file final_35.txt (compact mmCIF, C-alpha atoms and all ligand atoms)
# COMPACT_ATOMS: atom_id res chain seq x y z
CA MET A 1 11.74 -21.17 4.38
CA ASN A 2 9.05 -18.82 5.79
CA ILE A 3 6.46 -16.42 4.43
CA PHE A 4 9.00 -13.57 4.09
CA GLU A 5 11.54 -15.72 2.19
CA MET A 6 8.73 -17.12 0.14
CA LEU A 7 7.19 -13.89 -0.89
CA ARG A 8 10.70 -12.45 -1.36
CA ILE A 9 11.27 -15.15 -3.95
CA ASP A 10 7.86 -14.65 -5.62
CA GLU A 11 7.95 -10.84 -5.66
CA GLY A 12 11.61 -10.02 -6.28
CA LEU A 13 13.30 -6.83 -4.97
CA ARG A 14 13.40 -3.63 -7.10
CA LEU A 15 14.37 -0.24 -5.68
CA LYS A 16 12.77 1.93 -8.30
CA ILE A 17 9.19 2.18 -9.34
CA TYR A 18 8.30 -0.46 -11.90
CA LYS A 19 5.17 -2.14 -13.31
CA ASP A 20 4.09 -5.43 -11.81
CA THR A 21 2.63 -8.35 -13.86
CA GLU A 22 -0.70 -6.61 -14.01
CA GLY A 23 0.92 -3.42 -15.27
CA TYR A 24 0.52 -1.63 -11.89
CA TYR A 25 3.10 0.66 -10.33
CA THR A 26 4.99 -1.22 -7.60
CA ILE A 27 8.22 -0.90 -5.74
CA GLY A 28 10.38 -2.94 -3.37
CA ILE A 29 9.18 -6.41 -2.55
CA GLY A 30 5.86 -6.44 -4.36
CA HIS A 31 4.68 -3.24 -2.73
CA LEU A 32 1.69 -2.27 -4.83
CA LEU A 33 1.56 1.47 -5.00
CA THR A 34 -1.63 2.07 -6.87
CA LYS A 35 -3.73 0.82 -9.66
CA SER A 36 -3.69 4.27 -11.22
CA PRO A 37 -2.04 4.57 -14.65
CA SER A 38 -0.44 7.77 -13.38
CA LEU A 39 3.25 7.62 -12.42
CA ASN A 40 2.74 10.79 -10.52
CA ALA A 41 -0.02 9.20 -8.52
CA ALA A 42 2.29 6.30 -7.83
CA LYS A 43 5.05 8.58 -6.70
CA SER A 44 2.67 10.36 -4.41
CA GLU A 45 1.68 7.05 -2.84
CA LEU A 46 5.32 6.11 -2.43
CA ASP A 47 6.24 9.30 -0.71
CA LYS A 48 3.27 8.93 1.66
CA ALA A 49 4.14 5.31 2.40
CA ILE A 50 7.79 6.12 3.06
CA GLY A 51 7.43 9.44 4.86
CA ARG A 52 9.78 11.45 2.52
CA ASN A 53 10.12 12.93 -0.97
CA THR A 54 11.61 10.01 -2.82
CA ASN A 55 11.40 10.81 -6.45
CA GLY A 56 10.61 7.08 -7.05
CA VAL A 57 13.72 5.42 -5.64
CA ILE A 58 14.06 3.76 -2.23
CA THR A 59 16.63 1.96 -0.20
CA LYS A 60 16.74 -1.72 0.59
CA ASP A 61 16.00 -1.05 4.18
CA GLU A 62 12.98 1.04 3.17
CA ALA A 63 11.84 -1.78 0.78
CA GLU A 64 12.05 -4.23 3.68
CA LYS A 65 10.16 -1.93 5.92
CA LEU A 66 7.18 -1.77 3.56
CA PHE A 67 7.36 -5.47 2.98
CA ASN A 68 7.10 -6.31 6.65
CA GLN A 69 4.12 -3.95 6.90
CA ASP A 70 2.61 -5.64 3.88
CA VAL A 71 3.03 -9.15 5.19
CA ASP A 72 1.57 -8.17 8.51
CA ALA A 73 -1.34 -6.34 6.91
CA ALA A 74 -2.19 -9.36 4.78
CA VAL A 75 -2.28 -11.58 7.85
CA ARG A 76 -4.27 -9.06 9.76
CA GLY A 77 -6.79 -8.83 6.94
CA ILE A 78 -7.06 -12.60 6.86
CA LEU A 79 -7.78 -12.70 10.57
CA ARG A 80 -10.45 -10.04 10.16
CA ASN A 81 -12.16 -11.73 7.20
CA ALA A 82 -15.04 -14.06 8.03
CA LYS A 83 -14.32 -16.17 5.10
CA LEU A 84 -10.64 -16.52 5.43
CA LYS A 85 -10.17 -16.65 9.13
CA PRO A 86 -11.60 -20.11 9.69
CA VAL A 87 -9.64 -21.50 6.83
CA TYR A 88 -6.49 -19.85 7.92
CA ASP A 89 -6.96 -21.07 11.45
CA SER A 90 -7.47 -24.66 10.30
CA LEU A 91 -4.10 -24.86 8.53
CA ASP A 92 -0.61 -25.86 9.58
CA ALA A 93 2.02 -23.02 9.38
CA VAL A 94 3.32 -23.96 5.92
CA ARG A 95 -0.10 -23.86 4.44
CA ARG A 96 -0.90 -20.69 6.27
CA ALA A 97 2.04 -19.09 4.45
CA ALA A 98 0.57 -20.27 1.11
CA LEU A 99 -2.64 -18.53 2.02
CA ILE A 100 -0.94 -15.30 3.06
CA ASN A 101 0.94 -15.47 -0.24
CA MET A 102 -2.26 -15.64 -2.22
CA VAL A 103 -3.87 -12.76 -0.33
CA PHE A 104 -0.78 -10.63 -0.77
CA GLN A 105 -0.86 -11.09 -4.53
CA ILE A 106 -4.52 -11.37 -5.35
CA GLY A 107 -5.98 -9.23 -2.63
CA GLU A 108 -8.12 -10.24 0.26
CA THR A 109 -11.33 -9.77 -1.60
CA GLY A 110 -10.49 -12.06 -4.42
CA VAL A 111 -9.21 -14.85 -2.22
CA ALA A 112 -12.13 -14.62 0.18
CA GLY A 113 -14.40 -15.24 -2.77
CA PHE A 114 -12.81 -18.57 -3.83
CA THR A 115 -15.58 -20.36 -1.94
CA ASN A 116 -15.02 -23.79 -3.34
CA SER A 117 -11.24 -23.80 -3.09
CA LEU A 118 -11.53 -22.47 0.45
CA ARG A 119 -13.93 -25.26 1.38
CA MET A 120 -11.57 -27.97 -0.01
CA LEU A 121 -8.73 -26.49 1.96
CA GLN A 122 -10.66 -26.41 5.13
CA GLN A 123 -11.74 -30.01 4.43
CA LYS A 124 -8.03 -30.95 4.03
CA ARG A 125 -8.68 -32.38 0.53
CA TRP A 126 -5.28 -31.28 -0.75
CA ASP A 127 -5.21 -32.70 -4.26
CA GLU A 128 -8.74 -31.61 -4.92
CA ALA A 129 -8.06 -28.17 -3.59
CA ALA A 130 -5.01 -27.93 -5.74
CA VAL A 131 -6.96 -28.80 -8.89
CA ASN A 132 -9.61 -26.35 -7.95
CA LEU A 133 -7.25 -23.51 -7.35
CA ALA A 134 -5.77 -23.79 -10.86
CA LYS A 135 -9.09 -23.08 -12.39
CA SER A 136 -8.55 -19.34 -12.01
CA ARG A 137 -7.47 -16.23 -13.70
CA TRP A 138 -4.72 -16.22 -11.03
CA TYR A 139 -3.21 -19.44 -12.21
CA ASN A 140 -3.63 -18.51 -15.90
CA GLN A 141 -1.92 -15.12 -15.55
CA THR A 142 0.92 -16.24 -13.28
CA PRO A 143 1.14 -19.98 -13.67
CA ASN A 144 4.73 -20.51 -12.39
CA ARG A 145 4.11 -18.67 -9.21
CA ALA A 146 0.62 -20.23 -8.91
CA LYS A 147 2.07 -23.65 -9.31
CA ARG A 148 4.51 -23.00 -6.44
CA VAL A 149 1.79 -21.82 -4.15
CA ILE A 150 -0.45 -24.66 -5.15
CA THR A 151 2.25 -27.29 -4.48
CA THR A 152 2.74 -25.77 -1.06
CA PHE A 153 -1.00 -26.25 -0.36
CA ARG A 154 -1.03 -29.71 -1.86
CA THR A 155 2.01 -31.00 0.05
CA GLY A 156 2.32 -28.92 3.17
CA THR A 157 6.07 -28.71 2.33
CA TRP A 158 8.33 -25.99 0.93
CA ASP A 159 9.51 -28.24 -1.92
CA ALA A 160 8.40 -25.67 -4.54
CA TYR A 161 10.71 -23.14 -3.09
CA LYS A 162 13.48 -25.66 -2.72
CA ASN A 163 16.03 -24.66 -5.23
CA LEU A 164 15.17 -21.01 -5.29
CL CL B 1 1.70 1.55 2.84
CL CL B 2 4.33 -16.77 -12.73
K K B 3 6.86 -8.28 -8.42
call {"tool": "encode", "arguments": {"input": "final_35.txt", "output": "structure tokens"}}
result
Amino acid sequence: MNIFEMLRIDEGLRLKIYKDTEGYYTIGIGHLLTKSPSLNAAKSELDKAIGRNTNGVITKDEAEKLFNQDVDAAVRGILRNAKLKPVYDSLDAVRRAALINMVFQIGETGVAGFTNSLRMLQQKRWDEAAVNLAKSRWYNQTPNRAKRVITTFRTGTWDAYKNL
């Protein structure tokens, strides 16, 4: 298990433009194209991201390319965020992956704002942190995924991704 395998399980792999859980145009491995309700806008973003006129369909290799960029970008954002960096730096690798996962899905801004959860994590109060994290729109809207991420933070193990 690793952050790529983990997010690959949580995000799936789809080669054509589709709507994510929030109803936003996405493609590949959770590559958010835009929040715009316009398919055309989404196609325009895709073409720009990929470097060619796609007409909304990409290859697996292309999906993987965006994904790698996305994973890296999330990490990079974390390292550049004053709120997340210290937390991120305080964690073991497994937990770091859980954090990257959250940022990838929720967005850096949202995560950076979970002040209390972030503090519990940094304090290494795993169970408490886990309880705290569930008190969110995040958990409510995507509880199965949230539970996996949460268990990862609680335990420091990949048990949640075990038989996936
Ligand atoms: Cl991009
Ligand atoms: Cl879910
Ligand atoms: K998805």
call {"tool": "atom_distance", "arguments": {"input": "final_35.txt", "atom1": "atom CA of residue A:11", "atom2": "atom CA of residue A:124"}}
result
27.5 Å
call {"tool": "atom_distance", "arguments": {"input": "final_35.txt", "atom1": "atom CA of residue A:63", "atom2": "atom CA of residue A:10"}}
result
14.9 Å
call {"tool": "atom_distance", "arguments": {"input": "final_35.txt", "atom1": "atom CA of residue A:43", "atom2": "atom CA of residue A:30"}}
result
15.2 Å
call {"tool": "closest_atom_pairs", "arguments": {"input": "final_35.txt", "of": "chain A", "to": "ligand K 3 (chain B)", "cutoff": "10 Å", "atoms": "only C-alpha atoms and all ligand atoms", "output": "Markdown table"}}
result
| residue | atom | partner | partner_atom | distance |
| --- | --- | --- | --- | --- |
| A:7 | CA | B:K3 | K | 9.4 |
| A:8 | CA | B:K3 | K | 9.1 |
| A:9 | CA | B:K3 | K | 9.3 |
| A:10 | CA | B:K3 | K | 7.0 |
| A:11 | CA | B:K3 | K | 3.9 |
| A:12 | CA | B:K3 | K | 5.5 |
| A:13 | CA | B:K3 | K | 7.4 |
| A:14 | CA | B:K3 | K | 8.1 |
| A:18 | CA | B:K3 | K | 8.7 |
| A:19 | CA | B:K3 | K | 8.0 |
| A:20 | CA | B:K3 | K | 5.2 |
| A:21 | CA | B:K3 | K | 6.9 |
| A:22 | CA | B:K3 | K | 9.5 |
| A:24 | CA | B:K3 | K | 9.8 |
| A:25 | CA | B:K3 | K | 9.9 |
| A:26 | CA | B:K3 | K | 7.3 |
| A:27 | CA | B:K3 | K | 8.0 |
| A:28 | CA | B:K3 | K | 8.1 |
| A:29 | CA | B:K3 | K | 6.6 |
| A:30 | CA | B:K3 | K | 4.6 |
| A:31 | CA | B:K3 | K | 7.9 |
| A:32 | CA | B:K3 | K | 8.7 |
| A:105 | CA | B:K3 | K | 9.1 |
call {"tool": "closest_residue", "arguments": {"input": "final_35.txt", "among": "A:147, A:52, A:137, A:154", "to": "ligand CL 2 (chain B)", "atoms": "all atoms listed in the file"}}
result
A:147
call {"tool": "closest_atom_pairs", "arguments": {"input": "final_35.txt", "of": "chain A", "to": "ligand CL 1 (chain B)", "cutoff": "8 Å", "atoms": "all atoms listed in the file", "output": "tab-separated table"}}
result
residue	atom	partner	partner_atom	distance
A:31	CA	B:CL1	CL	7.9
A:33	CA	B:CL1	CL	7.8
A:45	CA	B:CL1	CL	7.9
A:46	CA	B:CL1	CL	7.9
A:48	CA	B:CL1	CL	7.6
A:49	CA	B:CL1	CL	4.5
A:50	CA	B:CL1	CL	7.6
A:66	CA	B:CL1	CL	6.4
A:69	CA	B:CL1	CL	7.3
A:70	CA	B:CL1	CL	7.3
call {"tool": "residues_near_ligand", "arguments": {"input": "final_35.txt", "ligand": "ligand CL 2 (chain B)", "cutoff": "7 Å", "atoms": "only C-alpha atoms and all ligand atoms", "output": "PDB file with C-alpha atoms, in the frame of the given file"}}
result
ATOM      1  CA  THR A 142       0.920 -16.240 -13.280  1.00  0.00           C
ATOM      2  CA  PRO A 143       1.140 -19.980 -13.670  1.00  0.00           C
ATOM      3  CA  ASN A 144       4.730 -20.510 -12.390  1.00  0.00           C
ATOM      4  CA  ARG A 145       4.110 -18.670  -9.210  1.00  0.00           C
ATOM      5  CA  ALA A 146       0.620 -20.230  -8.910  1.00  0.00           C
TER       6      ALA A 146
END
call {"tool": "residues_near_point", "arguments": {"input": "final_35.txt", "point": "(8.7, 7.8, -4.5)", "cutoff": "7 Å", "atoms": "only C-alpha atoms", "output": "count of residues only"}}
result
9
call {"tool": "closest_residue", "arguments": {"input": "final_35.txt", "among": "A:155, A:68, A:141, A:122", "to": "residue A:86", "atoms": "only C-alpha atoms"}}
result
A:122
call {"tool": "residues_around", "arguments": {"input": "final_35.txt", "residues": "stretch 111-113 of chain A", "least_positions_apart": "4", "cutoff": "8 Å", "atoms": "all atoms listed in the file", "output": "ChimeraX atom specification"}}
result
/A:81,83-84,102-103,106-107,118
call {"tool": "closest_residue", "arguments": {"input": "final_35.txt", "among": "A:38, A:94, A:127, A:74", "to": "residue A:108", "atoms": "only C-alpha atoms"}}
result
A:74
call {"tool": "closest_residue", "arguments": {"input": "final_35.txt", "among": "A:133, A:1, A:58, A:75", "to": "residue A:157", "atoms": "only C-alpha atoms"}}
result
A:1
call {"tool": "axis_aligned_box", "arguments": {"input": "final_35.txt", "around": "stretch 19-27 of chain A", "padding_each_side": "5 Å", "output": "JSON"}}
result
{"center_x": 3.8, "center_y": -3.8, "center_z": -10.5, "size_x": 18.9, "size_y": 19.0, "size_z": 19.5}
call {"tool": "decode", "arguments": {"input": "final_35.txt", "residues": "stretch 58-106 of chain A", "atoms": "N, CA and C atoms", "output": "PDB file, in the first residue's frame"}}
result
ATOM      1  N   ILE A  58      -9.687   9.968 -22.583  1.00  0.00           N
ATOM      2  CA  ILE A  58      -8.232   9.870 -22.480  1.00  0.00           C
ATOM      3  C   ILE A  58      -7.800   8.429 -22.323  1.00  0.00           C
ATOM      4  N   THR A  59      -6.480   8.253 -22.460  1.00  0.00           N
ATOM      5  CA  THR A  59      -5.925   6.938 -22.289  1.00  0.00           C
ATOM      6  C   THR A  59      -5.540   6.705 -20.828  1.00  0.00           C
ATOM      7  N   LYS A  60      -5.267   5.441 -20.531  1.00  0.00           N
ATOM      8  CA  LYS A  60      -4.867   5.072 -19.192  1.00  0.00           C
ATOM      9  C   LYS A  60      -3.573   5.746 -18.817  1.00  0.00           C
ATOM     10  N   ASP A  61      -2.664   5.726 -19.751  1.00  0.00           N
ATOM     11  CA  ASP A  61      -1.387   6.367 -19.510  1.00  0.00           C
ATOM     12  C   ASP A  61      -1.565   7.857 -19.181  1.00  0.00           C
ATOM     13  N   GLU A  62      -2.422   8.510 -19.975  1.00  0.00           N
ATOM     14  CA  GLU A  62      -2.724   9.928 -19.757  1.00  0.00           C
ATOM     15  C   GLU A  62      -3.398  10.114 -18.373  1.00  0.00           C
ATOM     16  N   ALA A  63      -4.329   9.196 -17.992  1.00  0.00           N
ATOM     17  CA  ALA A  63      -4.974   9.283 -16.678  1.00  0.00           C
ATOM     18  C   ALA A  63      -3.920   9.265 -15.526  1.00  0.00           C
ATOM     19  N   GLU A  64      -2.955   8.350 -15.699  1.00  0.00           N
ATOM     20  CA  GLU A  64      -1.899   8.140 -14.755  1.00  0.00           C
ATOM     21  C   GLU A  64      -0.992   9.343 -14.709  1.00  0.00           C
ATOM     22  N   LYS A  65      -0.821   9.937 -15.880  1.00  0.00           N
ATOM     23  CA  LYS A  65       0.051  11.117 -15.851  1.00  0.00           C
ATOM     24  C   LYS A  65      -0.564  12.245 -15.005  1.00  0.00           C
ATOM     25  N   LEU A  66      -1.864  12.514 -15.254  1.00  0.00           N
ATOM     26  CA  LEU A  66      -2.495  13.550 -14.418  1.00  0.00           C
ATOM     27  C   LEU A  66      -2.506  13.204 -12.930  1.00  0.00           C
ATOM     28  N   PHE A  67      -2.717  11.926 -12.681  1.00  0.00           N
ATOM     29  CA  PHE A  67      -2.792  11.498 -11.298  1.00  0.00           C
ATOM     30  C   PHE A  67      -1.497  11.786 -10.559  1.00  0.00           C
ATOM     31  N   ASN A  68      -0.390  11.380 -11.172  1.00  0.00           N
ATOM     32  CA  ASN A  68       0.903  11.627 -10.560  1.00  0.00           C
ATOM     33  C   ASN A  68       1.103  13.132 -10.280  1.00  0.00           C
ATOM     34  N   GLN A  69       0.669  13.953 -11.266  1.00  0.00           N
ATOM     35  CA  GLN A  69       0.792  15.394 -11.099  1.00  0.00           C
ATOM     36  C   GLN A  69      -0.084  15.822  -9.931  1.00  0.00           C
ATOM     37  N   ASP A  70      -1.271  15.210  -9.857  1.00  0.00           N
ATOM     38  CA  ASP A  70      -2.185  15.589  -8.786  1.00  0.00           C
ATOM     39  C   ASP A  70      -1.703  15.221  -7.382  1.00  0.00           C
ATOM     40  N   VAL A  71      -1.123  14.020  -7.302  1.00  0.00           N
ATOM     41  CA  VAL A  71      -0.597  13.586  -6.013  1.00  0.00           C
ATOM     42  C   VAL A  71       0.536  14.540  -5.621  1.00  0.00           C
ATOM     43  N   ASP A  72       1.451  14.744  -6.550  1.00  0.00           N
ATOM     44  CA  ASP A  72       2.539  15.633  -6.217  1.00  0.00           C
ATOM     45  C   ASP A  72       2.084  17.058  -5.778  1.00  0.00           C
ATOM     46  N   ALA A  73       1.156  17.589  -6.564  1.00  0.00           N
ATOM     47  CA  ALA A  73       0.637  18.909  -6.280  1.00  0.00           C
ATOM     48  C   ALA A  73      -0.001  18.976  -4.895  1.00  0.00           C
ATOM     49  N   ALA A  74      -0.690  17.894  -4.500  1.00  0.00           N
ATOM     50  CA  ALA A  74      -1.321  17.943  -3.180  1.00  0.00           C
ATOM     51  C   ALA A  74      -0.239  18.031  -2.092  1.00  0.00           C
ATOM     52  N   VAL A  75       0.786  17.201  -2.265  1.00  0.00           N
ATOM     53  CA  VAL A  75       1.893  17.181  -1.314  1.00  0.00           C
ATOM     54  C   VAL A  75       2.559  18.537  -1.294  1.00  0.00           C
ATOM     55  N   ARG A  76       2.851  19.051  -2.477  1.00  0.00           N
ATOM     56  CA  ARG A  76       3.494  20.328  -2.555  1.00  0.00           C
ATOM     57  C   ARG A  76       2.698  21.418  -1.869  1.00  0.00           C
ATOM     58  N   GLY A  77       1.375  21.358  -2.008  1.00  0.00           N
ATOM     59  CA  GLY A  77       0.508  22.366  -1.391  1.00  0.00           C
ATOM     60  C   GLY A  77       0.601  22.238   0.123  1.00  0.00           C
ATOM     61  N   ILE A  78       0.585  20.989   0.589  1.00  0.00           N
ATOM     62  CA  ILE A  78       0.686  20.706   2.008  1.00  0.00           C
ATOM     63  C   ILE A  78       1.964  21.346   2.579  1.00  0.00           C
ATOM     64  N   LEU A  79       3.064  21.081   1.878  1.00  0.00           N
ATOM     65  CA  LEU A  79       4.338  21.604   2.336  1.00  0.00           C
ATOM     66  C   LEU A  79       4.431  23.105   2.310  1.00  0.00           C
ATOM     67  N   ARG A  80       3.582  23.753   1.515  1.00  0.00           N
ATOM     68  CA  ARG A  80       3.577  25.196   1.401  1.00  0.00           C
ATOM     69  C   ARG A  80       2.551  25.840   2.315  1.00  0.00           C
ATOM     70  N   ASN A  81       1.692  25.025   2.945  1.00  0.00           N
ATOM     71  CA  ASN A  81       0.646  25.560   3.809  1.00  0.00           C
ATOM     72  C   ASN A  81       1.107  25.626   5.276  1.00  0.00           C
ATOM     73  N   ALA A  82       1.011  26.785   5.890  1.00  0.00           N
ATOM     74  CA  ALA A  82       1.462  26.958   7.246  1.00  0.00           C
ATOM     75  C   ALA A  82       0.690  26.125   8.236  1.00  0.00           C
ATOM     76  N   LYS A  83      -0.532  25.798   7.845  1.00  0.00           N
ATOM     77  CA  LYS A  83      -1.263  25.013   8.798  1.00  0.00           C
ATOM     78  C   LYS A  83      -1.018  23.530   8.662  1.00  0.00           C
ATOM     79  N   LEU A  84      -0.845  23.103   7.430  1.00  0.00           N
ATOM     80  CA  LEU A  84      -0.679  21.698   7.237  1.00  0.00           C
ATOM     81  C   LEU A  84       0.727  21.170   7.357  1.00  0.00           C
ATOM     82  N   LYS A  85       1.670  22.010   6.986  1.00  0.00           N
ATOM     83  CA  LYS A  85       3.045  21.559   6.994  1.00  0.00           C
ATOM     84  C   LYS A  85       3.508  20.921   8.307  1.00  0.00           C
ATOM     85  N   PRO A  86       3.321  21.631   9.407  1.00  0.00           N
ATOM     86  CA  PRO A  86       3.758  21.116  10.690  1.00  0.00           C
ATOM     87  C   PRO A  86       3.046  19.806  10.993  1.00  0.00           C
ATOM     88  N   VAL A  87       1.760  19.747  10.684  1.00  0.00           N
ATOM     89  CA  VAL A  87       1.138  18.473  10.985  1.00  0.00           C
ATOM     90  C   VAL A  87       1.745  17.342  10.162  1.00  0.00           C
ATOM     91  N   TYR A  88       1.763  17.611   8.880  1.00  0.00           N
ATOM     92  CA  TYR A  88       2.294  16.686   7.936  1.00  0.00           C
ATOM     93  C   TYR A  88       3.685  16.236   8.376  1.00  0.00           C
ATOM     94  N   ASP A  89       4.541  17.196   8.719  1.00  0.00           N
ATOM     95  CA  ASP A  89       5.869  16.796   9.123  1.00  0.00           C
ATOM     96  C   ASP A  89       5.948  15.942  10.385  1.00  0.00           C
ATOM     97  N   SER A  90       4.969  16.087  11.278  1.00  0.00           N
ATOM     98  CA  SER A  90       4.950  15.341  12.517  1.00  0.00           C
ATOM     99  C   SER A  90       4.523  13.883  12.374  1.00  0.00           C
ATOM    100  N   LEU A  91       3.931  13.515  11.209  1.00  0.00           N
ATOM    101  CA  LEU A  91       3.415  12.176  11.045  1.00  0.00           C
ATOM    102  C   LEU A  91       4.379  11.192  10.449  1.00  0.00           C
ATOM    103  N   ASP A  92       4.069   9.898  10.671  1.00  0.00           N
ATOM    104  CA  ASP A  92       4.748   8.768  10.110  1.00  0.00           C
ATOM    105  C   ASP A  92       4.225   8.721   8.637  1.00  0.00           C
ATOM    106  N   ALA A  93       4.892   7.976   7.756  1.00  0.00           N
ATOM    107  CA  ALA A  93       4.503   7.900   6.342  1.00  0.00           C
ATOM    108  C   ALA A  93       3.067   7.468   6.027  1.00  0.00           C
ATOM    109  N   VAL A  94       2.568   6.525   6.821  1.00  0.00           N
ATOM    110  CA  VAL A  94       1.210   5.999   6.606  1.00  0.00           C
ATOM    111  C   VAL A  94       0.222   7.113   6.822  1.00  0.00           C
ATOM    112  N   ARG A  95       0.403   7.770   7.968  1.00  0.00           N
ATOM    113  CA  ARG A  95      -0.483   8.862   8.286  1.00  0.00           C
ATOM    114  C   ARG A  95      -0.336  10.025   7.344  1.00  0.00           C
ATOM    115  N   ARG A  96       0.876  10.214   6.848  1.00  0.00           N
ATOM    116  CA  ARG A  96       1.058  11.302   5.901  1.00  0.00           C
ATOM    117  C   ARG A  96       0.166  11.049   4.655  1.00  0.00           C
ATOM    118  N   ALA A  97       0.118   9.778   4.262  1.00  0.00           N
ATOM    119  CA  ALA A  97      -0.682   9.405   3.090  1.00  0.00           C
ATOM    120  C   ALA A  97      -2.163   9.765   3.350  1.00  0.00           C
ATOM    121  N   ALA A  98      -2.634   9.457   4.566  1.00  0.00           N
ATOM    122  CA  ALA A  98      -4.018   9.779   4.957  1.00  0.00           C
ATOM    123  C   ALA A  98      -4.273  11.283   4.785  1.00  0.00           C
ATOM    124  N   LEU A  99      -3.289  12.080   5.145  1.00  0.00           N
ATOM    125  CA  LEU A  99      -3.432  13.495   5.042  1.00  0.00           C
ATOM    126  C   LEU A  99      -3.484  13.967   3.581  1.00  0.00           C
ATOM    127  N   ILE A 100      -2.565  13.400   2.777  1.00  0.00           N
ATOM    128  CA  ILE A 100      -2.528  13.744   1.368  1.00  0.00           C
ATOM    129  C   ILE A 100      -3.889  13.378   0.749  1.00  0.00           C
ATOM    130  N   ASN A 101      -4.414  12.206   1.172  1.00  0.00           N
ATOM    131  CA  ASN A 101      -5.684  11.738   0.670  1.00  0.00           C
ATOM    132  C   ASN A 101      -6.773  12.771   0.908  1.00  0.00           C
ATOM    133  N   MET A 102      -6.825  13.241   2.142  1.00  0.00           N
ATOM    134  CA  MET A 102      -7.836  14.234   2.484  1.00  0.00           C
ATOM    135  C   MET A 102      -7.700  15.501   1.616  1.00  0.00           C
ATOM    136  N   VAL A 103      -6.474  16.007   1.529  1.00  0.00           N
ATOM    137  CA  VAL A 103      -6.267  17.233   0.757  1.00  0.00           C
ATOM    138  C   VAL A 103      -6.699  17.059  -0.701  1.00  0.00           C
ATOM    139  N   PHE A 104      -6.330  15.896  -1.244  1.00  0.00           N
ATOM    140  CA  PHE A 104      -6.660  15.591  -2.630  1.00  0.00           C
ATOM    141  C   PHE A 104      -8.183  15.687  -2.849  1.00  0.00           C
ATOM    142  N   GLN A 105      -8.935  15.124  -1.929  1.00  0.00           N
ATOM    143  CA  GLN A 105     -10.378  15.095  -2.076  1.00  0.00           C
ATOM    144  C   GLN A 105     -11.074  16.385  -1.701  1.00  0.00           C
ATOM    145  N   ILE A 106     -10.780  16.866  -0.513  1.00  0.00           N
ATOM    146  CA  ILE A 106     -11.403  18.036   0.042  1.00  0.00           C
ATOM    147  C   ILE A 106     -10.852  19.358  -0.447  1.00  0.00           C
TER     148      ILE A 106
END
